[PDB]
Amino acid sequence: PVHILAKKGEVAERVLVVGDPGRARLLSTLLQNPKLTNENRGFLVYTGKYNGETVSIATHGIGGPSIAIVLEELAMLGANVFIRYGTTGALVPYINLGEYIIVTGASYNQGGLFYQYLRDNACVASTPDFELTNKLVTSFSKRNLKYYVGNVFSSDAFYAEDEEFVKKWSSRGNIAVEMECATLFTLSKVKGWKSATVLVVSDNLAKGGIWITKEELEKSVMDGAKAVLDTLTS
């Protein structure tokens, strides 16, 4: 571990991963006796208790290259189950801000990180663990939360322009866009890790007029985190 500087036995087997260190710390308060195991390079990691089960909440930063490093090092420290909990922008009009999307697969443009790991340009199925995903669905529905199940496009260029973005990716079967799922899923399949993803809808690209308040999004993040933690400790 060059970036995450935790010690032997500090990182839990099951980890809730988020991109924003602010969210990691915030969610750490849902744990019992949470301990900061790492803060190097801003990647905050907390290990505490949830439902009497030891788990960790880790920061993975933005982008495939970043989350790949974090996952590799966390696994080197004992982690083998990862559930990414993040924010996304819907690509379909019917989804509201504050609702969730349980990811079933990730579309991505070839090259870069994937070529280095896969060694060629084959489109390897980028999917989460079947079982873990169904467990998330039960957990969310059990908590009466509004979620949608579908694929997402994992973009590498947040600001790159594309006048046909929404139609293009929505017509391709994706209902939302974020940036780490493809990497998380593919690397996991290749390394043998059990992974899944649930995203909180913070924006709707198919409706640049709707908005959620700050207090209403943090409540959405908190309610979902509980559902994810129920799953990580089930």
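Rigid core here is just the name for the largest C-alpha set that superposes within 1.5 Å across the two forms. Numbering starts at 1 and follows the sequence shown.
Student: Report the stretch with the higher root mean square CA deviation, pooled over structures and residues in 8 other deposited structures of this protein, choosing between 135 to 143 and 157 to 165 after a rigid core fit.
Tutor: This comes out as 157 to 165, the stretch further from the shown form in 8 other deposited structures of this protein.
Student: I'd like to know which segment deviates more from the shown structure in 8 other deposited structures of this protein: 30 to 38 or 46 to 54, using C-alpha RMS over all structures and residues after a core fit.
Tutor: Relative to the shown form, the greater RMS C-alpha distance in 8 other deposited structures of this protein belongs to 46 to 54.
Student: Look at the other compared PDB entries that model both sides of residue 64, then say whether a third or more of them leave it out.
Tutor: That residue is present in all of the other compared entries.
Student: State whether residue 213, though modelled here, is left unmodelled in a third or more of the other entries compared.
Tutor: It is, since residue 213 is left out of at least a third of the other entries that model both flanking stretches.
Student: 35 to 43 versus 57 to 65: which one carries the higher mean Cα B factor per the record?
Tutor: Mean B over CA atoms: larger for 35 to 43.
Student: If you average the Cα B factors in the entry, which is higher, 109 to 117 or 94 to 102?
Tutor: On average, C-alpha B-factors are higher across 94 to 102.
Student: Out of 183, 174, 51, 197, which one has a C-alpha B factor higher than all the others in the entry?
Tutor: In this record, 51 carries the highest C-alpha B-factor of the candidates.
Student: Compared with the other modelled residues in the chain, in which third is the CA B-factor of residue 88?
Tutor: Answer is middle: the recorded C-alpha B-factor places it there.
Student: Split the chain's modelled residues into thirds by Cα B-factor; is residue 217 in the lowest, middle or highest one?
Tutor: Within its chain, residue 217 is a highest-third residue by C-alpha B-factor, going by the deposited values.
Student: Compare the C-alpha B factor of residue 11 with those of the other modelled residues in its chain, then answer lowest, middle or highest third.
Tutor: Highest third.
Student: Place residue 75 in the lowest, middle or highest third of its chain's C-alpha B-factors, as listed in the PDB entry.
Tutor: Middle third.
Student: Of the three thirds of its chain by CA temperature factor, lowest, middle or highest, which one includes residue 201?
Tutor: Tercile = middle for this residue's CA B-factor.
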